[PDB]
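Take a look at this one chain, the form solved without this ligand, written out in structure tokens.
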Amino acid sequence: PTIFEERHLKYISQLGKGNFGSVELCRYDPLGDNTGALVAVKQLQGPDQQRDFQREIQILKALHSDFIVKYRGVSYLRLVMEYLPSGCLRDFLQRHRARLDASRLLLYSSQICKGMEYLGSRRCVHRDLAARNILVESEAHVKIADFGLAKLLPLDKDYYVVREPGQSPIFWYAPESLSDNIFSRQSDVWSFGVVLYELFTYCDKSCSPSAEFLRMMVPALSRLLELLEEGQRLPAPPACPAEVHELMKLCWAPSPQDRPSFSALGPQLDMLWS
């Protein structure tokens, strides 16, 4: 049930790639007759990376929420998760933009905020919150995924300092992450603000965090950190409700201690409805 025999995991396709592993679509088919259930299987494509992967597995196994991708088990080596055929929220928002209204965007925002609130209560920093890392379960249900960069906060420290700088697109990182590699539940809040912006632009590539920050934009990271320190922010998405934009601005407070908490954002997102 929680142990998946390797010989019964039948390879179908690649669901994703992202340093230093792959997510594959597999069918767990012990009968070998193509009637078994579909599963998403993560594996490393390294000694420290192996320690990193086993930590990811321990983090995800211990998470139990409707807004967090379900852990199924392991195969001995590989992490088995539930398969969400709708895939990432980024690509989903692009294919269904003429269908999802403000209410719907607000429902996804609420569900993600509930998921982050729960991660925070687990002393877990996600570090990579973005629409491409969030999965769609159904039309009215999103779940947070990709815990490959997630960190557990020690009981006496509310932040974590990363040794080597990030390998993710710089446009989701908080100023303190860009300058000092400081990651905390508050830097996750900053990233959540960028997710709100992604939602309200339906992840449109022309006004995307990368496209729009680059045109507002010496190394690029230092230049982005300069824009941000001056108080420059991403513009309100086209037709964005003022209140949603005011929330993104709060998430984007310069000092981590001034950003609203996930528990304060939730009732506010729910009040705007869905």
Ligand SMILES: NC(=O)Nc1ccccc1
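Start at 1 and count along the sequence shown; that's the residue number.
One more form of this protein, deposited with this ligand bound, exists but is not displayed; see below.
Novice: Is it the case in the deposited bound form that 67, 102 and 112 each bring at least one heavy atom within 4.5 Å of this ligand?
Specialist: Per the other structure, none of 67, 102 and 112 touch this ligand.
Novice: Out of 63, 26, 247, 234, which one falls within 4.5 Å of this ligand in the deposited bound form, going by heavy atoms?
Specialist: Spelling it out, the residue with a heavy atom inside the cut-off is 234.
Novice: Pick the stretch from 189-197, 116-124, 103-111, 155-163 whose residues have a heavy atom within 4.5 Å of this ligand in the deposited bound form.
Specialist: Contact criterion met by 189-197 only.
Novice: Classify residue 262 as contacting or not contacting this ligand in the deposited bound form by the rule of any non-hydrogen atom within 4.5 angstroms, answering yes or no.
Specialist: Outside the cut-off, so no.
Novice: Evaluate residue 59 for contact with this ligand in the deposited bound form, applying a 4.5 angstroms cut-off between non-hydrogen atoms, and reply yes or no.
Specialist: Residue-level check for residue 59: no, no contact with this ligand.
Novice: Is residue 171 near this ligand? Define near as a heavy atom within 4.5 Å, in the deposited bound form.
Specialist: Yes.
Novice: Under a 4.5 Å heavy atom criterion, is residue 240 part of the interface with this ligand in the deposited bound form?
Specialist: Contact check for residue 240: no, nothing within 4.5 Å of this ligand in the deposited bound form.
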